[PDB]
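So this block is my_file37.txt, compact mmCIF, C-alpha atoms and all ligand atoms:
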# COMPACT_ATOMS: atom_id res chain seq x y z
CA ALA Y 26 23.93 -22.96 -8.74
CA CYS Y 27 24.22 -19.20 -8.60
CA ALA Y 28 22.53 -18.90 -5.21
CA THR Y 29 24.77 -21.02 -2.98
CA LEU Y 30 27.92 -19.70 -4.66
CA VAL Y 31 26.95 -16.06 -4.22
CA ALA Y 32 26.22 -16.82 -0.56
CA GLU Y 33 29.71 -18.32 -0.19
CA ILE Y 34 31.45 -15.49 -2.01
CA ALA Y 35 29.64 -12.92 0.13
CA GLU Y 36 30.52 -14.84 3.27
CA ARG Y 37 34.25 -14.55 2.58
CA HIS Y 38 34.29 -11.13 0.96
CA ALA Y 39 35.15 -8.02 3.00
CA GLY Y 40 32.45 -6.11 1.17
CA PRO Y 41 29.01 -6.34 -0.49
CA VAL Y 42 28.53 -8.70 -3.41
CA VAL Y 43 26.24 -7.40 -6.16
CA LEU Y 44 24.59 -10.14 -8.20
CA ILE Y 45 23.57 -8.86 -11.62
CA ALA Y 46 20.62 -10.96 -12.77
CA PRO Y 47 19.47 -11.52 -16.39
CA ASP Y 48 15.92 -10.36 -15.68
CA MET Y 49 13.49 -9.38 -12.91
CA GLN Y 50 11.86 -12.79 -12.52
CA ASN Y 51 15.22 -14.44 -11.89
CA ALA Y 52 16.21 -11.57 -9.57
CA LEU Y 53 13.09 -11.96 -7.47
CA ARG Y 54 13.61 -15.73 -7.39
CA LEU Y 55 17.24 -15.41 -6.32
CA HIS Y 56 16.24 -13.28 -3.31
CA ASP Y 57 14.65 -16.01 -1.18
CA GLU Y 58 17.06 -18.67 -2.47
CA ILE Y 59 20.17 -16.81 -1.38
CA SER Y 60 18.52 -15.51 1.82
CA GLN Y 61 17.92 -19.02 3.16
CA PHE Y 62 21.61 -19.91 2.69
CA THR Y 63 23.12 -17.03 4.67
CA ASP Y 64 23.07 -14.97 7.88
CA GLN Y 65 24.08 -11.83 6.00
CA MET Y 66 21.73 -9.14 4.69
CA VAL Y 67 20.20 -9.85 1.26
CA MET Y 68 18.41 -7.09 -0.70
CA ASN Y 69 17.04 -6.62 -4.19
CA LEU Y 70 16.78 -3.32 -6.05
CA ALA Y 71 13.35 -3.84 -7.61
CA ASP Y 72 12.66 -2.70 -11.17
CA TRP Y 73 9.97 -0.03 -11.65
CA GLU Y 74 8.25 -2.64 -13.92
CA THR Y 75 7.08 0.12 -16.26
CA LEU Y 76 8.19 0.33 -19.89
CA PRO Y 77 10.75 3.05 -20.77
CA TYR Y 78 8.91 6.44 -20.96
CA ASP Y 79 5.73 4.64 -19.86
CA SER Y 80 2.36 6.31 -19.41
CA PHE Y 81 2.12 4.66 -15.94
CA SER Y 82 3.96 5.42 -12.71
CA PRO Y 83 5.34 2.47 -10.77
CA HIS Y 84 3.37 1.04 -7.84
CA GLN Y 85 4.13 2.76 -4.52
CA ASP Y 86 5.01 -0.60 -2.96
CA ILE Y 87 7.83 -0.98 -5.51
CA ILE Y 88 9.00 2.56 -4.72
CA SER Y 89 8.93 1.78 -0.97
CA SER Y 90 11.15 -1.26 -1.54
CA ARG Y 91 13.62 0.70 -3.73
CA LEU Y 92 13.87 3.56 -1.22
CA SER Y 93 14.64 1.06 1.52
CA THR Y 94 17.41 -0.53 -0.60
CA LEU Y 95 18.93 2.78 -1.73
CA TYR Y 96 18.85 4.10 1.82
CA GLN Y 97 20.65 1.00 3.16
CA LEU Y 98 23.11 0.47 0.27
CA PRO Y 99 25.92 2.93 1.25
CA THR Y 100 26.38 1.25 4.63
CA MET Y 101 25.79 -2.36 3.57
CA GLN Y 102 29.30 -3.51 4.46
CA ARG Y 103 28.44 -7.20 4.14
CA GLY Y 104 25.81 -9.09 2.21
CA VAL Y 105 24.24 -9.30 -1.21
CA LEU Y 106 22.38 -6.93 -3.50
CA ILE Y 107 20.53 -8.57 -6.38
CA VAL Y 108 19.73 -6.31 -9.35
CA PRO Y 109 18.37 -7.05 -12.85
CA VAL Y 110 20.70 -5.85 -15.62
CA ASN Y 111 18.17 -3.42 -17.15
CA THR Y 112 17.57 -2.04 -13.66
CA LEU Y 113 21.31 -1.65 -13.01
CA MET Y 114 21.53 0.41 -16.21
CA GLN Y 115 19.03 2.92 -14.79
CA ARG Y 116 20.44 6.08 -13.23
CA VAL Y 117 19.15 6.96 -9.76
CA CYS Y 118 18.51 9.85 -7.44
CA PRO Y 119 21.82 10.82 -5.77
CA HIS Y 120 22.25 9.44 -2.22
CA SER Y 121 22.38 13.02 -0.96
CA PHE Y 122 18.64 13.10 -1.73
CA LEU Y 123 17.60 10.44 0.76
CA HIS Y 124 19.68 11.38 3.77
CA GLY Y 125 18.98 15.01 2.93
CA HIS Y 126 15.19 14.88 2.45
CA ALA Y 127 14.39 12.30 5.13
CA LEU Y 128 12.54 13.60 8.20
CA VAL Y 129 12.76 12.21 11.74
CA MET Y 130 9.76 12.17 14.05
CA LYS Y 131 10.42 11.54 17.71
CA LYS Y 132 8.39 10.99 20.86
CA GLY Y 133 7.93 14.31 22.64
CA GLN Y 134 8.72 16.43 19.60
CA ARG Y 135 6.99 19.82 19.59
CA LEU Y 136 4.98 19.67 16.36
CA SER Y 137 1.23 19.88 15.80
CA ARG Y 138 -0.72 17.31 13.78
CA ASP Y 139 -1.47 19.86 11.05
CA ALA Y 140 2.20 20.86 10.88
CA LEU Y 141 3.08 17.18 10.26
CA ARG Y 142 0.39 16.94 7.57
CA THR Y 143 2.04 19.88 5.82
CA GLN Y 144 5.42 18.11 5.85
CA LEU Y 145 3.86 14.83 4.66
CA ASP Y 146 2.08 16.50 1.73
CA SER Y 147 5.31 18.16 0.59
CA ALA Y 148 7.16 14.84 0.94
CA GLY Y 149 4.68 13.29 -1.51
CA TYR Y 150 2.44 11.37 0.88
CA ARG Y 151 -1.26 11.11 0.04
CA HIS Y 152 -4.08 12.08 2.37
CA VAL Y 153 -6.63 9.25 2.51
CA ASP Y 154 -9.61 8.33 4.72
CA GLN Y 155 -7.89 5.18 5.97
CA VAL Y 156 -4.23 4.21 5.69
CA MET Y 157 -3.65 0.96 3.89
CA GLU Y 158 -0.70 1.33 1.50
CA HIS Y 159 2.82 2.80 1.49
CA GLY Y 160 2.83 6.56 1.01
CA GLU Y 161 -0.56 7.28 2.57
CA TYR Y 162 -1.55 9.18 5.72
CA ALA Y 163 -4.93 9.71 7.38
CA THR Y 164 -5.81 12.20 10.14
CA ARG Y 165 -8.68 12.26 12.61
CA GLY Y 166 -8.83 14.05 15.94
CA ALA Y 167 -5.53 13.79 17.74
CA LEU Y 168 -4.56 10.83 15.56
CA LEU Y 169 -2.48 10.71 12.39
CA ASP Y 170 -1.78 7.34 10.72
CA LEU Y 171 0.89 6.99 8.05
CA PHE Y 172 2.60 4.22 6.09
CA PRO Y 173 6.26 5.32 5.80
CA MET Y 174 8.09 4.39 2.63
CA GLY Y 175 10.52 1.58 3.46
CA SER Y 176 8.53 0.45 6.49
CA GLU Y 177 6.93 -3.00 6.84
CA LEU Y 178 4.02 -1.54 8.83
CA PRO Y 179 2.25 1.81 9.19
CA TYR Y 180 2.30 3.88 12.39
CA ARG Y 181 -0.27 5.70 14.49
CA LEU Y 182 0.76 9.00 16.06
CA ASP Y 183 -1.07 10.61 18.93
CA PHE Y 184 -0.77 14.37 19.28
CA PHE Y 185 -1.52 15.74 22.73
CA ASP Y 186 -0.81 19.35 23.63
CA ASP Y 187 0.55 19.86 20.10
CA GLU Y 188 3.31 17.38 20.78
CA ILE Y 189 3.84 13.87 19.46
CA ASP Y 190 2.87 12.03 22.62
CA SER Y 191 3.49 8.55 21.22
CA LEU Y 192 4.26 6.76 17.96
CA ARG Y 193 3.02 3.17 17.70
CA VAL Y 194 3.39 0.51 15.04
CA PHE Y 195 -0.12 -0.31 13.98
CA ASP Y 196 -1.89 -3.26 12.44
CA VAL Y 197 -4.35 -2.18 9.77
CA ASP Y 198 -6.55 -5.30 9.78
CA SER Y 199 -7.25 -5.17 13.52
CA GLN Y 200 -7.02 -1.37 13.81
CA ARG Y 201 -4.71 -1.79 16.82
CA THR Y 202 -1.25 -0.61 17.75
CA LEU Y 203 1.62 -2.91 18.60
CA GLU Y 204 4.93 -1.78 20.08
CA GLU Y 205 5.67 1.86 20.79
CA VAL Y 206 8.70 3.43 19.15
CA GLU Y 207 10.84 6.39 20.17
CA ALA Y 208 11.06 7.73 16.63
CA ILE Y 209 10.42 6.91 12.99
CA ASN Y 210 12.39 7.81 9.88
CA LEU Y 211 10.26 9.36 7.15
CA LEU Y 212 11.68 9.03 3.65
CA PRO Y 213 10.15 10.87 0.62
CA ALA Y 214 7.28 9.15 -1.21
CA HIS Y 215 9.20 9.22 -4.53
CA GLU Y 216 12.78 9.01 -5.74
CA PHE Y 217 12.52 12.74 -6.38
CA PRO Y 218 11.40 15.80 -4.35
CA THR Y 219 7.96 17.20 -5.02
CA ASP Y 220 7.81 20.15 -2.63
CA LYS Y 221 7.34 23.71 -3.97
CA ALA Y 222 11.09 24.32 -4.30
CA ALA Y 223 11.29 21.09 -6.37
CA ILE Y 224 8.38 22.18 -8.57
CA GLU Y 225 10.08 25.55 -9.18
CA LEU Y 226 13.28 23.69 -10.09
CA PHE Y 227 11.36 21.32 -12.34
CA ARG Y 228 9.66 24.24 -14.15
CA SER Y 229 12.96 26.03 -14.65
CA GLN Y 230 14.83 23.03 -16.02
CA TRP Y 231 11.85 22.02 -18.13
CA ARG Y 232 11.83 25.46 -19.78
CA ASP Y 233 15.57 25.11 -20.55
CA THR Y 234 14.79 21.79 -22.22
CA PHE Y 235 11.34 21.66 -23.76
CA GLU Y 236 8.57 23.79 -25.17
CA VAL Y 237 5.63 24.61 -22.95
CA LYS Y 238 1.98 24.43 -24.07
CA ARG Y 239 -0.93 25.64 -21.89
CA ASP Y 240 -3.11 22.62 -22.55
CA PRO Y 241 -3.85 21.28 -19.04
CA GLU Y 242 -2.71 17.91 -20.38
CA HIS Y 243 0.87 19.14 -20.92
CA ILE Y 244 3.39 17.71 -18.40
CA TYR Y 245 4.72 21.14 -17.42
CA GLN Y 246 1.20 22.43 -16.71
CA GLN Y 247 0.31 19.37 -14.60
CA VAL Y 248 3.46 19.51 -12.44
CA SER Y 249 3.14 23.30 -12.00
CA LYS Y 250 -0.33 22.73 -10.55
CA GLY Y 251 1.06 20.32 -7.98
CA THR Y 252 -0.08 17.05 -9.58
CA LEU Y 253 2.16 14.21 -10.75
CA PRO Y 254 1.39 12.89 -14.25
CA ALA Y 255 1.28 9.16 -14.81
CA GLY Y 256 4.83 8.23 -15.81
CA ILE Y 257 6.34 11.47 -14.44
CA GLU Y 258 9.21 9.28 -13.19
CA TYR Y 259 10.73 9.37 -16.69
CA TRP Y 260 11.41 13.10 -16.19
CA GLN Y 261 13.09 12.34 -12.86
CA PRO Y 262 16.24 14.23 -14.04
CA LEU Y 263 14.35 17.55 -14.08
CA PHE Y 264 13.71 17.34 -10.33
CA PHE Y 265 17.46 17.54 -9.57
CA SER Y 266 20.02 20.25 -10.43
CA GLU Y 267 22.77 17.72 -11.16
CA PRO Y 268 22.62 14.73 -13.52
CA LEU Y 269 21.46 11.42 -12.06
CA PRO Y 270 24.43 9.28 -11.00
CA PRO Y 271 24.92 5.58 -11.80
CA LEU Y 272 23.75 3.09 -9.14
CA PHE Y 273 27.50 2.38 -8.83
CA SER Y 274 27.79 5.64 -6.87
CA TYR Y 275 25.96 3.98 -3.97
CA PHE Y 276 28.28 0.97 -3.68
CA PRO Y 277 30.52 0.90 -0.62
CA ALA Y 278 34.21 -0.01 -0.65
CA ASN Y 279 35.14 -3.51 -1.78
CA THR Y 280 31.87 -4.07 -3.59
CA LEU Y 281 32.31 -7.13 -5.77
CA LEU Y 282 30.13 -7.56 -8.83
CA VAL Y 283 29.14 -10.99 -10.12
CA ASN Y 284 27.45 -11.61 -13.47
CA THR Y 285 25.04 -14.43 -14.10
CA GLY Y 286 23.86 -14.89 -17.67
CA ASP Y 287 24.27 -13.13 -21.02
CA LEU Y 288 24.29 -9.53 -19.85
CA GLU Y 289 25.60 -8.06 -23.13
CA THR Y 290 22.72 -9.07 -25.38
CA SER Y 291 20.19 -8.36 -22.65
CA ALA Y 292 21.78 -4.93 -22.16
CA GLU Y 293 21.91 -4.20 -25.89
CA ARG Y 294 18.32 -5.33 -26.35
CA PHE Y 295 17.12 -2.93 -23.63
CA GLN Y 296 19.20 -0.05 -25.01
CA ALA Y 297 17.82 -0.70 -28.49
CA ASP Y 298 14.28 -0.67 -27.12
CA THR Y 299 14.64 2.55 -25.15
CA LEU Y 300 16.23 4.19 -28.19
CA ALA Y 301 13.44 3.10 -30.55
CA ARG Y 302 10.81 4.40 -28.10
CA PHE Y 303 12.60 7.72 -27.75
CA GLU Y 304 12.97 8.16 -31.51
CA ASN Y 305 9.38 7.25 -32.19
CA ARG Y 306 7.75 9.14 -29.32
CA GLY Y 307 10.32 11.72 -28.21
CA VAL Y 308 8.87 14.60 -30.21
CA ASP Y 309 5.45 14.95 -28.73
CA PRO Y 310 3.38 18.05 -28.10
CA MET Y 311 2.28 17.06 -24.55
CA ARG Y 312 5.00 14.69 -23.31
CA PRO Y 313 8.33 15.39 -25.02
CA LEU Y 314 10.96 12.93 -23.78
CA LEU Y 315 14.42 13.28 -22.30
CA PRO Y 316 17.21 11.53 -24.17
CA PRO Y 317 18.03 7.99 -23.00
CA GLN Y 318 21.38 9.03 -21.49
CA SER Y 319 19.59 11.32 -19.03
CA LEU Y 320 18.05 8.18 -17.53
CA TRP Y 321 20.20 5.16 -18.47
CA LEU Y 322 23.87 4.26 -18.69
CA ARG Y 323 24.94 3.34 -22.22
CA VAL Y 324 25.88 -0.34 -22.63
CA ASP Y 325 29.53 0.66 -23.09
CA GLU Y 326 29.35 2.80 -19.93
CA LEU Y 327 27.85 -0.14 -18.02
CA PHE Y 328 30.70 -2.51 -18.94
CA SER Y 329 33.20 0.22 -18.13
CA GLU Y 330 31.75 0.53 -14.61
CA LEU Y 331 31.90 -3.27 -14.46
CA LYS Y 332 35.66 -3.12 -15.08
CA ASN Y 333 36.41 -0.18 -12.78
NA NA Y 401 24.92 -20.86 4.94

This entry written out as structure tokens:
Amino acid sequence: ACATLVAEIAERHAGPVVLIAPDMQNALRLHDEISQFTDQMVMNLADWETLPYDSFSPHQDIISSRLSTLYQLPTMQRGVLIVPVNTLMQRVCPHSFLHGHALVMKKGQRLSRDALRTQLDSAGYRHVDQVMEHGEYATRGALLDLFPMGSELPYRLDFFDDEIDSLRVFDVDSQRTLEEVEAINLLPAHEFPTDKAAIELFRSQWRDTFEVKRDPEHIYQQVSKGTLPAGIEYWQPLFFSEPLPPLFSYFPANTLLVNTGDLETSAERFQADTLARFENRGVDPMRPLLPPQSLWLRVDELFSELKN
């Protein structure tokens, strides 16, 4: 009953409609249901699927989907955004990050293959033998394949005379290119910068926050050496000089929010869980944790945003 109604509300509303779902399963379900009932854009902001302060980093395919949504959100004048309540409570990278750290590659651009590799490494992409998943790139001869975050398919670039001669969508299974494109937009491989300037910032803010140990297993030591610990996402705030804003900061004018379910209890349950985890595991020699408010809106703050 939620689906058709949200489609109708969105159809007559001079702005995006944000459907706050009770959980991820419902959210995911509501995507195709609402999509089939409208000609307007329908997106989901996918949950990381990790537990708060998890010892796992979310799958790159989930990150690709989130980056695509966050990138499109500010200019989504019409349509629907579906977001689980616990996900909506999570703070995000500021939108200045995406439009500021995105790189554009165009046909005819003077740039060597190795120079592009350098940019890709600093943007968080992984060098592999064969591209197959979001966030990977492979190089061989004059060719460089990459799977841009937010893209449905990877691309194959041909460098001739140290110039990008062509950029072509490419089908992994058949190892063949499809259409040629004039340019591609390269977003970062994470919702946080990981270049050397970002690592220096991370180190500096970490020192102002936590103790440092030299054990190679310590988070600070791992990031300083250019690696990204499993679950590093829960220290996302340290990669930015300003606090992480609410997702609400990405909503365009006239955004209407619709609630489906018992958001209060769900919201309080999640807050209680993140708080228990922080209290029980926050003081740790190798992975000390940031307080919940560095990463999540408080339940009272959520409802305030819902009434503003
Ligand atoms: Na319709």

Tell me which protein, DNA and RNA residues are within 10 Å of residue Y:150, counting all atoms listed in the file, leaving out same-chain ones fewer than 6 positions away, and put them as an mmCIF file with C-alpha atoms, keeping the file's coordinate frame.
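The result, written out as around-v8.cif:
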data_model
loop_
_atom_site.group_PDB
_atom_site.id
_atom_site.type_symbol
_atom_site.label_atom_id
_atom_site.label_comp_id
_atom_site.auth_asym_id
_atom_site.auth_seq_id
_atom_site.Cartn_x
_atom_site.Cartn_y
_atom_site.Cartn_z
ATOM 1 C CA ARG Y 142 0.390 16.940 7.570
ATOM 2 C CA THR Y 143 2.040 19.880 5.820
ATOM 3 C CA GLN Y 144 5.420 18.110 5.850
ATOM 4 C CA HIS Y 159 2.820 2.800 1.490
ATOM 5 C CA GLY Y 160 2.830 6.560 1.010
ATOM 6 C CA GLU Y 161 -0.560 7.280 2.570
ATOM 7 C CA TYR Y 162 -1.550 9.180 5.720
ATOM 8 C CA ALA Y 163 -4.930 9.710 7.380
ATOM 9 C CA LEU Y 171 0.890 6.990 8.050
ATOM 10 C CA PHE Y 172 2.600 4.220 6.090
ATOM 11 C CA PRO Y 173 6.260 5.320 5.800
ATOM 12 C CA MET Y 174 8.090 4.390 2.630
ATOM 13 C CA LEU Y 212 11.680 9.030 3.650
ATOM 14 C CA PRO Y 213 10.150 10.870 0.620
ATOM 15 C CA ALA Y 214 7.280 9.150 -1.210
ATOM 16 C CA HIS Y 215 9.200 9.220 -4.530
ATOM 17 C CA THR Y 219 7.960 17.200 -5.020
#

Within 10 Å of ligand NA 401 (chain Y), which residues of chain Y show up? Give each one with its shortest atom-to-atom distance in Å (one decimal) and the two atoms involved, counting all atoms listed in the file, rows by chain then rising residue number, as a Markdown table.
| residue | atom | partner | partner_atom | distance |
| --- | --- | --- | --- | --- |
| Y:29 | CA | Y:NA401 | NA | 7.9 |
| Y:32 | CA | Y:NA401 | NA | 6.9 |
| Y:33 | CA | Y:NA401 | NA | 7.5 |
| Y:36 | CA | Y:NA401 | NA | 8.4 |
| Y:59 | CA | Y:NA401 | NA | 8.9 |
| Y:60 | CA | Y:NA401 | NA | 8.9 |
| Y:61 | CA | Y:NA401 | NA | 7.5 |
| Y:62 | CA | Y:NA401 | NA | 4.1 |
| Y:63 | CA | Y:NA401 | NA | 4.2 |
| Y:64 | CA | Y:NA401 | NA | 6.8 |
| Y:65 | CA | Y:NA401 | NA | 9.1 |

Requested write-out: C-alpha atoms of the selected residues, as a tab-separated table (two decimals), in the coordinates of the input:
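Output file result34.tsv is given in full below:
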chain	number	residue	atom	x	y	z
Y	29	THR	CA	24.77	-21.02	-2.98
Y	32	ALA	CA	26.22	-16.82	-0.56
Y	33	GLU	CA	29.71	-18.32	-0.19
Y	36	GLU	CA	30.52	-14.84	3.27
Y	59	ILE	CA	20.17	-16.81	-1.38
Y	60	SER	CA	18.52	-15.51	1.82
Y	61	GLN	CA	17.92	-19.02	3.16
Y	62	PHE	CA	21.61	-19.91	2.69
Y	63	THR	CA	23.12	-17.03	4.67
Y	64	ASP	CA	23.07	-14.97	7.88
Y	65	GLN	CA	24.08	-11.83	6.00

Of the candidates Y:81, Y:275, Y:96, Y:235, which one gets nearest to residue Y:259 if we count only C-alpha atoms?
-> Y:81

Which neighbours of stretch 133-138 of chain Y fall inside 6 Å, counting only C-alpha atoms, when residues of the same chain fewer than 3 positions from it are skipped, and could you give them as a VMD selection string?
-> chain Y and resid 141 187 to 190

So which one's closest to residue Y:147, Y:87, Y:117, Y:311, Y:222? Using all atoms listed in the file, please.
-> Y:222

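In this model, the gap between atom CA of residue Y:28 and atom CA of residue Y:57 comes to 9.3 Å.
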
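Residues surrounding residue Y:43 within 7 Å are residues 105, 106, 107, 281, 282 and 283 of chain Y [only C-alpha atoms; sequence separation below 4 positions excluded].
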
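Here the question is which of Y:119, Y:243, Y:301, Y:225 gets nearest to residue Y:268 using all atoms listed in the file, and that residue is Y:119.
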
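Nearest to residue Y:176 of all the residues Y:304, Y:205, Y:86, Y:330 is Y:86, counting all atoms listed in the file.
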
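We find atom CA of residue Y:102 and atom CA of residue Y:124 to be spaced 17.7 Å apart.
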
Could you name the residues that touch residue Y:286 at 12 Å or less, counting all atoms listed in the file, but leaving out those on the same chain fewer than 3 positions away, as a compact mmCIF listing (two decimals) with C-alpha atoms, keeping the file's coordinate frame?
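That gives us result_16.txt:
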# COMPACT_ATOMS: atom_id res chain seq x y z
CA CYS Y 27 24.22 -19.20 -8.60
CA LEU Y 44 24.59 -10.14 -8.20
CA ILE Y 45 23.57 -8.86 -11.62
CA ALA Y 46 20.62 -10.96 -12.77
CA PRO Y 47 19.47 -11.52 -16.39
CA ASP Y 48 15.92 -10.36 -15.68
CA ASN Y 51 15.22 -14.44 -11.89
CA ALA Y 52 16.21 -11.57 -9.57
CA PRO Y 109 18.37 -7.05 -12.85
CA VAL Y 110 20.70 -5.85 -15.62
CA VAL Y 283 29.14 -10.99 -10.12
CA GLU Y 289 25.60 -8.06 -23.13
CA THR Y 290 22.72 -9.07 -25.38
CA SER Y 291 20.19 -8.36 -22.65
CA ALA Y 292 21.78 -4.93 -22.16

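For the pair atom CA of residue Y:131 and atom CA of residue Y:223, the interatomic distance is 25.9 Å.
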
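The nearest approach to residue Y:56 among the residues Y:332, Y:273, Y:104, Y:78, with only C-alpha atoms taken into account, belongs to Y:104.
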
Between Y:54, Y:91, Y:151, Y:84, which is the closest to residue Y:71 once you count all atoms listed in the file?
-> Y:91

12 Å contact set for residue Y:313, all atoms listed in the file, chain neighbours under 5 positions out, as a count of residues only | 21
